[PDB]
Amino acid sequence: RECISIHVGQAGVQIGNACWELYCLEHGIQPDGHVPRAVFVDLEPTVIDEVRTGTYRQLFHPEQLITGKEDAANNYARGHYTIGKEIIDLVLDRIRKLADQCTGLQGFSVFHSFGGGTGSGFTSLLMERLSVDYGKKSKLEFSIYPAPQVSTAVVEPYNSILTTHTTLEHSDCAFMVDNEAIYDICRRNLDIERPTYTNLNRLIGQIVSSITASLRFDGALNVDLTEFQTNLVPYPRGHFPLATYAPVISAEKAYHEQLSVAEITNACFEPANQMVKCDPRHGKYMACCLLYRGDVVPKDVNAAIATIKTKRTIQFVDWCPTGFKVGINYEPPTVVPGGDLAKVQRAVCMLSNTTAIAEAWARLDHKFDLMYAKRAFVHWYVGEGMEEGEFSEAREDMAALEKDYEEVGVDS
Ligand SMILES: Nc1nc2c(ncn2[C@@H]2O[C@H](COP(=O)(O)OP(=O)(O)OP(=O)(O)O)[C@@H](O)[C@H]2O)c(=O)[nH]1
Ligand SMILES: [Mg+2]
């Protein structure tokens, strides 16, 4: 029934504090109410401390807040092997101590930031140690994969080609939200050149609320977590769909809010609104899980979608007749009291697997090579319990992820 969550890496923790905020906010549980149902991991104390100093301070147990005073290191190796190792046990312990206390759970919603040290590496083995300790569950990892041109870390790819290959054979469904492609939404669909990280977080903090929160919440067309991976992954590769939200209108500027279904659903497939720089440049969808929430008439959907199924310029895979999982919830969304999110009475958090990422992975793989081609910051990992193996052998890994996402599509 439940779904634990492990927010790993400063980012996964910032986003965590955010997604965790939106929660109580739409459940009437102020600062000090019940008890969360997740944990927080980081090898840099000062960040988890922010959850220990700032807002939502006492809504957590100093037990579900793991820290390694030591060093973060923007390098996979160190975070996965060398350092990150020391903490893992302890980490697990909570996701085994928190996993027990419950009643027939469904899985762990993992929150990490692909291209980091504590986020890429660590998790790599966290999800790793999970796939074995609970192979019998769902492993949906919600990632924030590398901005297409606006990356931060100098190494980023090293850290992301490595978190992909190690987690690939362990996740159930990996959701992806592109940090940059979300900015566009903040520039083009909300207008603000002042987007603090605290915003992107409010956003995913939204799209995510549509996943677990409301879905695990009764409705006219419930959709379990398992449901996802089933209706969402055509193949064992921990396939990565993309998150998209519909009413991303500004709560100040424009106001046409009352945008009946027929509109908000069409607003999902236009590439300028998908929290991912993977513009459907060719990527044929192969399965979409349209999660609606608020006042929505099933016919409105079983029509708004029909209209789409016949737009053709939206070309769905061949081997897939119908790939539209319609998830209907009741309670409308719940916008921050005064952030910058419109606040409509219905939304569409549609996520999907698109042959599109054939790109995004490509462009991120290429990156890697360029540097590896010169070993660049390699000495930083080797000296951290890794080898020419793990790199070269994780490169070959993704290689067959560029072929995979190619074969499962583009062909009939
Ligand atoms: N959406 C979003 N992205 C974030 C946030 N914080 C960081 N990121 C992104 O995630 C990546 C940064 O990872 P870091 O903060 O360097 O590292 P970490 O993953 O926390 O772990 P360490 O490297 O060991 O510190 C960059 O690509 C950032 O753009 C956040 O609050 N929200
Ligand atoms: Mg950090």
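Heads up, chain A uses Swiss-Prot numbers, so what you see runs 2-34, 61-439.
Cβ atoms are placed via backbone N, Cα and C, with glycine included.
Database features, via Swiss-Prot:
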{"type": "ACT_SITE", "residues": "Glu254", "note": "active site"}
{"type": "BINDING", "residues": "10-12, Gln15, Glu71, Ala99, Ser140, 143-146, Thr179, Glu183, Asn206, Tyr224, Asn228, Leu252", "note": "GTP binding site"}
{"type": "BINDING", "residues": "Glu71", "note": "Mg(2+) binding site"}
{"type": "MOD_RES", "residues": "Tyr282", "note": "3'-nitrotyrosine"}
{"type": "MOD_RES", "residues": "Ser439", "note": "phosphoserine"}
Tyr282 (3'-nitrotyrosine) versus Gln15 (GTP binding site) - Cα distance in angstrom: 30
Cα separation of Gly34 and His61 (whole Å), the pair that brackets 26 residues absent from the deposited model: 4
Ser439 (phosphoserine), number of other Cβ atoms within 10 Å: 6
Candidates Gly10, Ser140, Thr145, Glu183, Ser439, namely the recorded positions, that fall within 10 Å of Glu71 (Mg(2+) binding site) by Cα distance: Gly10, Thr145
List of residues, in chain order, with Cβ under 8 A from that of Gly10 (GTP binding site) and at least 6 apart: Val68, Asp69, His139, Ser140, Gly143, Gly144, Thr145, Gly146, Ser147, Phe149, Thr150
Greatest C-beta neighbour count within 10 angstroms, which of the recorded positions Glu71, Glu183, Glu254: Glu183
From recorded positions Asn228, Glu254, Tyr282, the one whose Cα lies nearest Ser439 (phosphoserine): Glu254
Site of maximum Cβ density within 10 Å, from binding-site residues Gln15, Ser140, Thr145, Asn228: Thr145
When distances run from the Cα of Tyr282 (3'-nitrotyrosine) to each of the recorded positions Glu183, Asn228, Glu254, the nearest one: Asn228
C-alpha spacing of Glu254 (active site) relative to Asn228 (GTP binding site), in angstrom: 25
Neighbourhood of ligand 2 - recorded positions from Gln15, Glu71, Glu183, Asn228, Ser439 with Cβ under 6 Å: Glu71
Structural state of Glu183 (GTP binding site), classified by DSSP into three states: coil
